[PDB]
Structure formats: structure tokens, C-alpha cells
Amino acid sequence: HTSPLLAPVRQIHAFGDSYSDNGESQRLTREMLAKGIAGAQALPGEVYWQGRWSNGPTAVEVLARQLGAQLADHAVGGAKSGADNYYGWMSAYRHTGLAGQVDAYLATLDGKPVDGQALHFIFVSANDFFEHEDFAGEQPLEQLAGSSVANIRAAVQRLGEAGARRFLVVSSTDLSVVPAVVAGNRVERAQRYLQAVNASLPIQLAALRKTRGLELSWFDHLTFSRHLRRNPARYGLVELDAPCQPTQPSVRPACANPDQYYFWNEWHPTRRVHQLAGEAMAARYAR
């Protein structure tokens, strides 16, 4: 039996990575390129929609539309759960991980209080795994998951400390079906990492939610994706594995039917999947 819906949302503050970014990686990398920052690249690149790492709006953008909320989207493509980004060259200019996004949000309030009615949306951790795998990180995966969880819990604690009361935290996505992970033969490692984060994080958030009198919703993206991918025709999906828009090793022409694809590129879902995700995330809240 379902419980009562949560109260309406009129403002979202979103923190996260490429699964939420609505233009910040693009703005920031243009700034970095203008400044001559070593190793900078234009992100996300040419084969993307309006600076999103997809062919359309991210899930949190759809969530805000569903709930009738304004969105302040602080997410940066590549963001890790801690201070920095998958893109290490960014750290000389700005700390764009979740912790850095929280710092910049709290430092730009301009003498106003945190809005205790705003929903603080957190969606991060994938880059902790991708960085570890791509650059031979030292930690065993279980320790890496522990650090991801700690970092996320610390972000909620810091936002709560400053006055935030309402949160929606998204689980790890199903990294084990990401095309880049399949191509890297890293399915089992992704499974182990995502299971560890998803078992521990909601336990930690429920303790903090009770301690600090927060409203904190947990969104299980893994259950969500598993349901989509077991019953794709129900949702009008045909292709679950191939990217619509290949980019590795090089850019190739896009599929003609992107709304029938799960993945846009080798990491990121299509606008169609983002739409279903945002609708699913809106399900706990009254309009």
C-alpha cells in the first residue's frame, strides 16, 4: 500500500553529474578554454542537445516540469561525489564535484537564508566509478563505494546544517549496462560497486533524515531501469544496448529513431529515458 504523497515542490536545487547537467559543463568549459586552462576541452561536444549530455532535457528538468517547480541546476558533467571531477584539468579552475557544488551554492546565497521549502536533488556517484576504472584507482571497489556513500551523506548533512529541509537523493544507476562498461568488460565490477552504494546509502540517509528532521526521498534508479529494460515495448523502446549517437572510438552518424533507444552515447541515456525517469521521480510528490 502506497503512503501519502509528499507536499508540492516549487523550487529545485539540483546537484550532480552528466545525468542532471542542463548546461553547466558547457558554460564552464567555455570559460576554461577562454582562460587557456591546460587540457581543457569543449564539453559536452557537438553531438548533444543544447549543452546537455543527451539529445534532450535531463531527468531533473522533466521532474521540475512535472512538479511545477523552478530549477536551479548546479550539476556538472563529470562530477564526482567529492570535490572534483572525472576531468582532472578542471580542478585548477573550479571544484565541480558534489562537494564543490554544495560549497558554491552555500557561498552564493547573498545573505539570504536557504529556502527550507526547496527540494535539494542529489544525483551523483557514477564518475567515482568511471574515474577509478579509467585511471587505475587504488581503492578496492568496496572502499570506493564506501567513500561515495560518505560523500553523499556529508553533502546532505552540510546542506541540512545550512537550512535545507527537503531532499531527493537518486541511487546509483545501473552502471553494469552502460555501453562503455560493457565494452570495457567491466560488468561485474560495476555490479559490485553499484550494489554496495545502493545497499548502504539509503540506510545512512534514513538515519540522517530522522536525526535532523528532514524530508528525504530515495529514488531507486536501478529498480526503475530494470523495469524499463525487462518490458521495453511497453515504453516504446527497441534498442537497449547500442548508442544512438556513437562517439567512441569516433563520432558516427546518429540513429533515425532516438526515441526508441535507451542510450544516447556510450554513458548517457536518451531524452526518452530521461523523460520516463523524471516522471518516475515525480511520483512521490503532489503537483
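Residue positions are given as counts along the sequence shown, with the first one as 1.
Remark: stretch with higher mean C-alpha B factor among 142-150 and 88-96 is 88-96. Averaged over Cα atoms, the B-factor as recorded in the entry is higher for 132-140 than for the other of 132-140 and 160-168. Annotation for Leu240, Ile37, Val62, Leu28: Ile37 ranks highest, by Cα B-factor. Out of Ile122, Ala180, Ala196, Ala107, it is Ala107 whose C-alpha atom has the highest B-factor in the PDB entry. Placement of the Cα temperature factor of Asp174 within the chain: lowest third of the modelled residues, per the deposited record. Annotation for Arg192: CA B-factor lies in the middle third of the chain's modelled residues. Remark: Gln41 belongs to the highest third of its chain, ranked by C-alpha B-factor as recorded. Among the modelled residues of the chain, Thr58 sits in the lowest third by CA temperature factor in this PDB entry. In this PDB entry, the Cα temperature factor of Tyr235 sits in the top third of its chain's modelled residues, the highest group.
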